[PDB]
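Below: one structure, written as structure tokens.
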Amino acid sequence: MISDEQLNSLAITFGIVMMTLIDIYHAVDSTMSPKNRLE
């Protein structure tokens, strides 16, 4: 039994956190192993 409040907070939290993790991992991975893919 979850409440709209808990669900909303859990959603925004998971989103922001996930974005940060992927953001860093992406920037680092790209900086270490970049590529010439752009058009």
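Going through the structure tokens in order, the chains are called A, B, and so on, while each chain numbers its residues from 1 and the ligands are numbered from 1 in the order shown.
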Problem set entry | helix (DSSP H, G or I) per DSSP on the backbone: members of chain A, as a PyMOL selection string | chain A and resi 4-32
Just C-alpha atoms for this one: save the residues we selected as a PDB file, in the first residue's frame.
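Result file is out-v5.pdb:
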ATOM      1  CA  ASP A   4       0.674   9.240  -4.099  1.00  0.00           C
ATOM      2  CA  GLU A   5       3.178  11.256  -2.066  1.00  0.00           C
ATOM      3  CA  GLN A   6       5.609   8.362  -1.640  1.00  0.00           C
ATOM      4  CA  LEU A   7       5.182   7.363  -5.286  1.00  0.00           C
ATOM      5  CA  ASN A   8       5.795  10.890  -6.575  1.00  0.00           C
ATOM      6  CA  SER A   9       8.854  11.383  -4.369  1.00  0.00           C
ATOM      7  CA  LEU A  10      10.182   7.956  -5.351  1.00  0.00           C
ATOM      8  CA  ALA A  11       9.719   8.802  -9.030  1.00  0.00           C
ATOM      9  CA  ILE A  12      11.471  12.176  -8.931  1.00  0.00           C
ATOM     10  CA  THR A  13      14.225  10.700  -6.763  1.00  0.00           C
ATOM     11  CA  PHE A  14      14.873   7.703  -9.013  1.00  0.00           C
ATOM     12  CA  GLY A  15      14.813   9.976 -12.047  1.00  0.00           C
ATOM     13  CA  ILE A  16      17.264  12.589 -10.793  1.00  0.00           C
ATOM     14  CA  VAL A  17      19.605  10.023  -9.245  1.00  0.00           C
ATOM     15  CA  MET A  18      19.531   7.809 -12.337  1.00  0.00           C
ATOM     16  CA  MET A  19      20.181  10.855 -14.523  1.00  0.00           C
ATOM     17  CA  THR A  20      23.225  11.798 -12.446  1.00  0.00           C
ATOM     18  CA  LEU A  21      24.684   8.286 -12.519  1.00  0.00           C
ATOM     19  CA  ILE A  22      24.219   7.907 -16.274  1.00  0.00           C
ATOM     20  CA  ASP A  23      25.328  11.500 -16.843  1.00  0.00           C
ATOM     21  CA  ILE A  24      28.689  10.949 -15.151  1.00  0.00           C
ATOM     22  CA  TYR A  25      29.234   7.396 -16.395  1.00  0.00           C
ATOM     23  CA  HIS A  26      28.444   8.682 -19.887  1.00  0.00           C
ATOM     24  CA  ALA A  27      30.722  11.725 -19.768  1.00  0.00           C
ATOM     25  CA  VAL A  28      33.564   9.642 -18.334  1.00  0.00           C
ATOM     26  CA  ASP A  29      33.049   6.710 -20.700  1.00  0.00           C
ATOM     27  CA  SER A  30      32.932   9.141 -23.624  1.00  0.00           C
ATOM     28  CA  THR A  31      36.016  11.016 -22.425  1.00  0.00           C
ATOM     29  CA  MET A  32      37.972   7.785 -21.987  1.00  0.00           C
TER      30      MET A  32
END
